[PDB]
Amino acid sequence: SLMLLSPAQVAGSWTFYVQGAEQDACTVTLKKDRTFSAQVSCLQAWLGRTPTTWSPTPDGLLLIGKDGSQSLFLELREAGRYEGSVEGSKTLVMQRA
């Protein structure tokens, strides 16, 4: 069984970017109450809709839209790094700042 990370353990500053476009990074704060800082608007360009909450899973992390249900999943690849697919088959990287 995978160890599920608590919101307190995931919280902090995270950098998002798409591979092949490393120069267009977003830095966003994930708060212990599972919300984002205002900079989460930066993800709008890749995701279309902006997430409003996040939820850890044992194997990754969900960014959940404003209706409380629609989601983008990212799989935990290594400590402090999640990866998911955006814009077709592009690779979105979420790494500790």
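So that there is no doubt, residue numbering starts at 1 and follows the sequence shown.
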query	finding
Higher-scoring stretch by recorded Cα B factor average, 29 to 37 or 65 to 73	29 to 37
Stretch with the greater mean C-alpha B-factor as recorded in the entry, comparing 80 to 88 against 7 to 15	7 to 15
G48 - which third its CA temperature factor falls in, relative to the rest of the chain	highest
Lowest, middle or highest third - CA B-factor, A97	highest
